[PDB]
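Only one chain is given next, in C-alpha cells, and it is the form deposited in one PDB entry.
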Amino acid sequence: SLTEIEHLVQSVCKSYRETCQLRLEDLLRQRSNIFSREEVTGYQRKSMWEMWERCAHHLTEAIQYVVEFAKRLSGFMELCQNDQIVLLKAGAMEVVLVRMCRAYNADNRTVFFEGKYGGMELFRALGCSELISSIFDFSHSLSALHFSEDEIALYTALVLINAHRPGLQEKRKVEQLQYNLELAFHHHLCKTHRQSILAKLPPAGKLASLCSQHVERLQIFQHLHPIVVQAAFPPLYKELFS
C-alpha cells in the first residue's frame, strides 16, 4: 500500500527529528563562529591522547542518540535483542558519520566541533590525517547534494537496517524491514523529484571504509596508550570499538 509506505516515511522522519542530537538550524546559525588561528594552534598543540579522549567522548554521545533513533524505529524493536545489537554494533558509527554532514560547511570546508567551526587541520594531534580527510570528503559529497533532513532520516534508517550484517539470526526479517525502508526512501525521492541523487550517493563500502579506518586508528592508539583507553575512554565507546 502506498499509504503504508508513506506512513513509514513520516514515522522514520519523526524518529530522526526526535533524535537528531542537534537541530539543523542551530548548526547553520553557528557557521560564522569560526576558530581563530590561535585556537587552531591550541588544538594542534594538545596531546594525542587528550584529543583522542575528547573526540571519543563526542563520538560516544553522538552514538547514544543513534541508539535512541533505533529504539524509535518500530521494526527495529521487533527484532530479537541479538540482531538489535548486531545492527547497532555494525551501523551506529556509520549513522554518526552520515549525520556529520549537517555539521559540515561545504562553503569553507569546516566542521562544527566544540562550539565553533574549524578546518581539518584542527584535528592534526589525533594522527588520523587520512581518516579525518576522508570524513571531510564524505561530508562534502553529501553536502553538495543538499541532503535534506528527511533524506538523512530515511538513509540512516537504511544504514542501520542492513540485512547483510554478519551474525544476524532473523536475516529474513531484517530483509523485509530493509525492503520496506528502501521503498520508503525511494518513494520519498520520487515524490520530491530527488531520484537524481541515487547515482550521486557515495558508493557501497565507502561508509564501511570510514568505520574500518576509525577502528584501525583506534587499534593503533590503544596499542600506544592502553592505560588511557582503559582509564579515560567512555565505556560505551570501548564496548563498540575495542
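Just count from 1 along the sequence shown to find any residue number. Rigid core (definition): largest C-alpha set, two forms, superposition within 1.5 Å.
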* Asked: On average, which has the higher Cα B-factor in the deposited entry, 60-68 or 25-33?
  -> 25-33
* Between 101-109 and 152-160, name whichever shows the higher mean Cα B factor according to the PDB entry. => 101-109
* Asked: Which is it among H214, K206, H186, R54: the one with the largest CA B-factor in the entry?
  -> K206
* Could you check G91, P166, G75, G127 and tell me which one carries the biggest Cα B-factor in the deposited entry? => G75
* Asked: Relative to the other modelled residues in the chain, which third contains the C-alpha temperature factor of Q176: lowest, middle or highest?
  -> middle
* Asked: Lowest, middle or highest third: where is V86 by Cα B-factor in its chain?
  -> middle
* Within-chain third of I197 by Cα B-factor, per the entry -> middle
* Third of chain Cα B-factors occupied by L131 -> middle
* Structure fact -> Temperature factor at the Cα of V96, chain-ranked in thirds, falls in the lowest
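Not on display, but discussed next: the form deposited in another entry.
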* Asked: Quick one: core overlaid, is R54 moving 2 Å or more at the Cα between the shown form and the other one?
  -> no
* Hey, does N33 budge by 2 Å or more at the Cα between the shown form and the other one once the core is superposed? -> no
* Any chance the CA of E68 moves 2 angstroms or more between the shown form and the other one, core superposed? -> no
* To do: Might you say whether the CA atoms of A204 and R99 end up closer or farther apart in the other entry than in this form? Their distance differs by 3 Å or more.
  => closer
* Look at the CA atoms of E216 and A56: state whether they lie closer or farther apart in the other entry than in this form, given a difference of 3 Å or more. => closer
